[PDB]
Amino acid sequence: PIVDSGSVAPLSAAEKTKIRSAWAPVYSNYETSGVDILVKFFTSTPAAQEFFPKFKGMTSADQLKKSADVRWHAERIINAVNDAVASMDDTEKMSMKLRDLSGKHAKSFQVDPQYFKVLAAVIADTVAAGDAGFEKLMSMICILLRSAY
C-alpha cells in the first residue's frame, strides 16, 4: 500500500536486494519504460493532465509517445527514481534530493501533491507488482515529494 504520509518501517537488507533486481531490467530500458509508465499514468488519470502544460493539445497514447517533451519529461521522472534505488543505503542522501525535488513541484511546477502516490503505483505495478518492499520505497519517495507542501 503506497502512502504519502505517516511512517514506513525501514527497508530490510532482503527487500533492498530484491528492489535492485527488479529495477535493473526496467531501467536498462528507461527511455521506453519511463514513457510507457508516464503515458499510462497520464491517460488513466484525466484530472492530473492539466499539470503538464507542455503536453497540452495531446491526449491520446499515440500522440504523447511521439512528443519529445513527453519523452524528456519521462526520462527525468524515471532517473529520479533510479537515483532513489541507487541510494537506498543512504537515507540522508536520498531525502535531501527528494526534498529538493519536492520544492520544485510545490514551488515551481505547482503540481497537486495527491498524484505522486498515483504515479508511484504505476511504477510499482510495472517494476514488480505486489512487492511490499518496492511499495515501501515508493511510500518513502511520495512522503518526501510532499515534504515541501
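Each residue number is its position in the shown sequence, starting from 1.
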Original post:
Out of 63-71 and 97-105, which stretch has the higher average CA B-factor listed in the record?
Top reply: 63-71
**OP:** Pick between 10-18 and 137-145: the one whose mean CA B-factor in the entry is higher.
**Re:** 10-18
**OP:** Taking the chain's C-alpha temperature factors as the reference, tell me which third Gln110 falls into: lowest, middle or highest.
**Re:** lowest
Original post:
In terms of the CA temperature factor given in the entry, to which third of its chain does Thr32 belong: lowest, middle or highest?
Top reply: middle
Original post:
How does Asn82 rank on Cα B-factor within its chain, lowest, middle or highest third?
Top reply: lowest
**OP:** Would you mind checking where the Cα B-factor of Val118 ranks among the modelled residues of its chain, as the lowest, middle or highest third?
**Re:** middle
Original post:
Lowest, middle or highest third of the chain for the C-alpha temperature factor of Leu38?
Top reply: lowest
